[PDB]
């Protein structure tokens, strides 16, 4: 029989065992290679078939899991179950029909396994659980950058509002314009986290929604790498705005703006949409290299779609122009340059070249030109002149705070489109920025990856720990599955006083803060810690010349990442000098007013916000969608086996599949079940042990003895029995009577 043995790029390959040695099996893919006995797995007999639930495989192991997902992917089936957990592999193209209104209708009220695997089925299951258990629900959509979390979040939201309700759906282009950006991992990367709650009444009908937003990436506002961009809105506005709007806002091609021109200044466009962009909007880079290519994104088309979206959800033209005005104001702010004053003030002056930028910025932000000049080049502390570098920092700090408060306003404005006075329960969907790394990793990556650690820990806690504790408490005798927990990595980062975030905070507060001093402290205070290393020990050449006090490696659950620690101290400080806060809070423009040691910890904001979020998640029933990124090239039909296997492993899916060999995803109190059916029962079953009625019910419903197991207080059901479980659980008088009548006929 063919078996699975290791392959360095496919993860596993098919072969036959031709020989055996002390520590090896000899695998024929006349040619042979050696494999460890424990690295060789049985294969499914039919290599061309697939199963919708990996629990249905004859052999449950990482190799058969990988292959099943692969076969499905090759047939454009991106969704596959492991019991009630969904695996979604990014197709990197639009699969026809699978998100249609017809498809949506077909999933309504269907138990898991009665329809093909789909995000819609996870959404419907959350809805069903909310109704049956009278408990708010969370759907956690996890995965690395570019895996498909945001797309799947949108599908869930569309499903729920279309089935059980639209403005929640329609508002999305607005959030993405202000909070998403091109990174090298994802053309449409989310640079903020969100928890979107759909709220329901007692009849389980949608009454409104609420979007909680988290931790916008502020550094991106001012600078980007050459392959990356600022937030979409800048490019959508420059590409799509009318000439009247362009003139009023003094806009031009992106290369004319410091806050855009260190990044990629090319638009997403195709042959057709390029013709719709006016010549005066195109940068030299765009004219030379042409447009950026994407199946989803198009700067001109997205500007139009965004404006349509704004109108549909109730934003008036004044509101729209206000938003654009602040965006342009931030752009002109960035164009203000400073120079050495010399012995006059000892500080700096605005460059003569920056006169227009000062004028435009002041006009758009409702500020007096001189007030802005003074606030950027001096500070009362005595009114002292600032040095050029401090002026640069003042400018950028103001820009970041203005844009960030604008984003806050956008999210608030969105919430105002679907408000509700009261609700019974909610279904919330969590979409965070996912695990990411690059040639050069900084504090932004450190914070993003920390959040991903925390979320993986929640999965481990809910699915691998608590599940097994339940089986144990109920006396089920399910074989224990051991796994590598990541709490130690979390503690390295967030522990009081000694954790990296607190050591960083300590540095910000020292007389002479230093990235090197901070980095040395991290290594010194964490001698021998398993989750920390020095850059010279990196697996990658690019990191080998970083000094011990210039970086560190964190052994994340998803892989080791080497961080350069330059700018960690400055990036940890969210504070805005009162001079700048006062300037903007006293703007002559109402809209801008309504948006609104010197040290505020960014790291402590990551920790505090995540812990609040985790509190909310812990109070809800949780469902999980594990998004998988198939390759690093954003291409369709390119399944990178080893890459995908790595994700299945670190996400915990291999551990979960192991547990499911003998686990039970569905359960209820058998006393409560008996109590529910009691009023309809004939004396002959009413008199017997409550487990006996249950057994009679199960058998009448066609369940076999192996499908269920009675614990101490709860009855448990195996994977693939969700349909029968859902039938048993219905509390409707008609349905209870129906099933008892079936039992009566069975007897």
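Positions refer to the first chain, counted from 1.
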Per the record, how many residues of the deposited chain fall between residue 29 and residue 30 without being modelled: none, 1 to 3, 4 to 9, or 10 or more? 4 to 9
Classify the number of deposited-sequence residues missing from the model between residue 381 and residue 382: none, 1 to 3, 4 to 9, or 10 or more. 10 or more
Between 319-327 and 187-195, point out the one with the higher average CA B-factor as the PDB entry records it. 319-327
Which is higher on average in the deposited entry, the C-alpha temperature factors of 83-91 or of 304-312? 304-312
Taking the Cα B-factors listed in the entry, which of 69, 697, 60, 685 comes out highest? 685
Among 541, 147, 522, 410 - the residue whose C-alpha B-factor is largest in the record: 541
Name the third of the chain's ranked CA B-factors that contains residue 164, choosing lowest, middle or highest. highest
Just say lowest, middle or highest third for the CA B-factor of residue 118 relative to the other modelled residues in its chain. lowest
Binned into thirds over the chain's modelled residues, the C-alpha B-factor of residue 54 lands in the lowest
By the record's CA B-factor, is residue 479 among the lowest, middle or highest third of residues in the chain? highest
Within this chain's modelled residues, let me know which third the CA B factor of residue 65 belongs to: lowest, middle or highest. lowest
